[PDB]
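J.: Here goes the first bit of my complex:
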Amino acid sequence: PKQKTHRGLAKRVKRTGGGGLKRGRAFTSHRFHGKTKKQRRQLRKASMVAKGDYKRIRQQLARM
Amino acid sequence: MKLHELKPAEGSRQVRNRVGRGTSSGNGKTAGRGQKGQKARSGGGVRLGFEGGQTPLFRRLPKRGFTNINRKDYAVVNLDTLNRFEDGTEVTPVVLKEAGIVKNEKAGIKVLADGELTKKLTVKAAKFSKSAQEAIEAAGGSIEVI
């Protein structure tokens, strides 16, 4: 059958022009009093899926 | 060629590797699977992305965004492609489809100013970038929003 996409990932990541995956940041939900304003400001910014994680999951997003 | 003298192109075909066919082949006995463990079992192995119980990456990361139901995407065209036509030519979505430049127009043709245009043209398209319109008109052409 067709290989299925991992819908959870599909909701959480975006494919970029160069083939990489754009991702949000963790620790950006609640308990902000526990984090300095610097942490909140720098977690507001997006990031990219690391090489190791990508090599584990790429097959789940082949047809995303 | 002759049916009794066939020869495939070099490197076009390879010999399948068969495992579990003696030690000297390099995949005898264990068949390359190693020694015991889950990955050595028939049908063994964990599901993709599994991390042995550590919270997987997607679980760590939050969902984001939404899909607009009324989302509109445009088939993009650049000035370099427009250079392929002759001066005075009337560029139309039909013309592009016939020329094969745009097989799927999506919500419509939008013209972008990536390259340098050199021909005078009357261009009809769903949309034009501001730079694209300026370039077309500076080249003595005209733009019409179909």
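T.: Now that the structure is in, tell me what you want to look at. Residues are numbered from 1 along each chain as shown, chains lettered A, B, ... in the order given.

J.: can you pull the contacts of residue A:35?
T.: The contact partners of residue A:35, by CB atoms under 8 Å, 6 or more residues apart in numbering or on different chains, come to A:27, A:43. In short, each C-beta sits where N, CA and C put it, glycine included.

J.: now do 7 Å
T.: The contact partners of residue A:35, by CB atoms under 7 Å, 6 or more residues apart in numbering or on different chains, come to residue A:27.

J.: likewise residue A:46?
T.: A:22-25.

J.: got a list of contacts for stretch A:53-64?
T.: Under CB under 7 Å, 6+ apart, the answer for stretch A:53-64 is A:3, A:5-6, A:9-10, A:15, A:21, B:48-49, B:57.

J.: do the same with stretch B:71-89
T.: B:91, B:96, B:101-102, B:104-121, B:123, B:126-127, B:132, B:135.

J.: Quick one: buried ones out of those?
T.: Burial by neighbour count, 16 or more other CB atoms under 10 Å in any protein chain shown: within the contacts of stretch B:71-89 this picks out B:91, B:96, B:101-102, B:105, B:109-113, B:117, B:119, B:121, B:123, B:126-127, B:132, B:135.

J.: include chain C as well:
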Amino acid sequence: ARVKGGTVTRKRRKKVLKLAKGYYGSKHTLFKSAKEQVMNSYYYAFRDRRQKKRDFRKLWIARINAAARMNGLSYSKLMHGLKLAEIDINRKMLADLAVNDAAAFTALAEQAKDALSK
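T.: Adding chain C to the chains above:
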């Protein structure tokens, strides 16, 4: 496209058995025992092709020693004297001379002793 067992199996096993001719009972009759024994024979054969060189050098040394003693010398003194006198005749030829050409060996011993004296 079925490939039944055929005759390759018998051919291979028969080669092993023929290699095992002369062994004791099942070790030449039975393929499994024969193969296990043939492998050990290969191990011993490879190891002995090296040990054989050691054995013959040991034998030549012993014979040369006896001959040297008869000529009034030890093996070690004889070889030291020969090295001093620049004699390159090896132990195989020396042992052959000792057994067969006693006069030649005695002449060699005389030159060795003279070199030692000098």
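
J.: The contacts of residue A:35 again, this time with chain C added?
T.: Going by CB under 7 Å, 6+ apart, residue A:35 touches residue A:27.

J.: And it, how close does it get to chain B?
T.: Per CB to the nearest CB, to the nearest Å, residue A:35 is found 15 Å from chain B.

J.: Repeat that for residue C:60.
T.: Residue C:60 is 41 Å from chain B, by CB to the nearest CB.

J.: same thing with residue A:48?
T.: 12 Å.

J.: Got the phi and psi for that residue?
T.: For residue A:48, the backbone dihedrals are phi -120, psi 150 (criterion: degrees, to the nearest 10).

J.: What is the burial count for it?
T.: 14 (other CB atoms under 10 Å in any protein chain shown).

J.: gap between the closest residue to it other than its chain neighbours and chain B?
T.: Take residue A:48 and drop its neighbours on the chain: the residue closest to it by CB to CB, 6 or more residues apart in numbering or on different chains is residue A:20, 5.2 Å away. Computed with CB to the nearest CB, the distance linking residue A:20 and chain B is 14 Å.

J.: wait, isn't residue A:20 in contact with residue A:47?
T.: No: between residue A:20 and residue A:47 there is no contact under CB atoms under 7 Å: 10.4 Å.

J.: put chain D on too:
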Amino acid sequence: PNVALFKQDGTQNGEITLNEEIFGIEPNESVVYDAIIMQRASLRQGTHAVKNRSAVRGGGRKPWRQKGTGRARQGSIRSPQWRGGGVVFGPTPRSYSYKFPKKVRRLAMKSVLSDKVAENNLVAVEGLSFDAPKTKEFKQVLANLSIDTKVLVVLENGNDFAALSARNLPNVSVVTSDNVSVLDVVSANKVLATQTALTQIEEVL
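T.: Below is chain D, added to the chains above:
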């Protein structure tokens, strides 16, 4: 290029010119090989099957209890290691046919025809007419043309008498100009074609 045109009697008329784009190309050996292999695979029927332990008759119960009997543990008398047990994997019905890109197909056909012409194994005849089908007459025609090896006889549509009279000869393979394949051309050592057949081929390609 140009090929000597022969009359059915065997006397040569003036040459004729064939489209270079079809008969004048440099043959592409690798493309030709691919077409041959693909066509040969397509001919396979692929009807072959075996019974795995699920398909073999019976074999439901456990032969003997898991422990105590002193025998090797077993699950069914039809397990693959059992005599009469199911087959592990093995053939299953499937198709071997695949399709090449249209451009590759066309190149392969042009390559075989161009190769025949270059070797001068392409014999063009003005026309093949037989008042009635007679294999002896057609065999004499081959003799007149001085063809004795394997021959592919390419006839225009409707030349039924020629087709019938030629087909039974052991070295002759008859095909209509509209239905000609890389395998047919490659198999044949010489290609005997009528002029109308060549015209129709040039139109097709």
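
J.: Please reconsider the contacts of stretch A:53-64 now that chain D is part of the model.
T.: Residues outside stretch A:53-64 that contact it (CB under 7 Å, 6+ apart): A:3, A:5-6, A:9-10, A:15, A:21, B:48-49, B:57.

J.: now do 10 Å
T.: With contacts defined as CB atoms under 10 Å, 6 or more residues apart in numbering or on different chains, stretch A:53-64 is touched by A:2-10, A:13-15, A:19-21, A:23, A:48-50, B:47-51, B:56-58, B:60-61.

J.: Now which of those residues would you call buried?
T.: By neighbour count, with 16+ other CB under 10 Å, the contacts of stretch A:53-64 hold A:6, A:9-10, A:13, A:21, A:23, A:49, B:49, B:56-58, B:61 as buried.

J.: Could I get the residues you listed in a markdown table, plus columns for secondary structure and distance to residue C:70?
T.: As requested, the buried ones among the contacts of stretch A:53-64 are arranged in a markdown table below (DSSP: H, G, I helix; E, B strand; the rest coil; distance: CB to CB, whole Å):
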| residue | secondary structure | distance to residue C:70 |
| --- | --- | --- |
| A:6 | coil | 93 |
| A:9 | helix | 94 |
| A:10 | helix | 98 |
| A:13 | strand | 95 |
| A:21 | strand | 92 |
| A:23 | strand | 94 |
| A:49 | coil | 89 |
| B:49 | coil | 87 |
| B:56 | coil | 89 |
| B:57 | helix | 89 |
| B:58 | helix | 93 |
| B:61 | coil | 95 |
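
J.: Sounds good, over and out.
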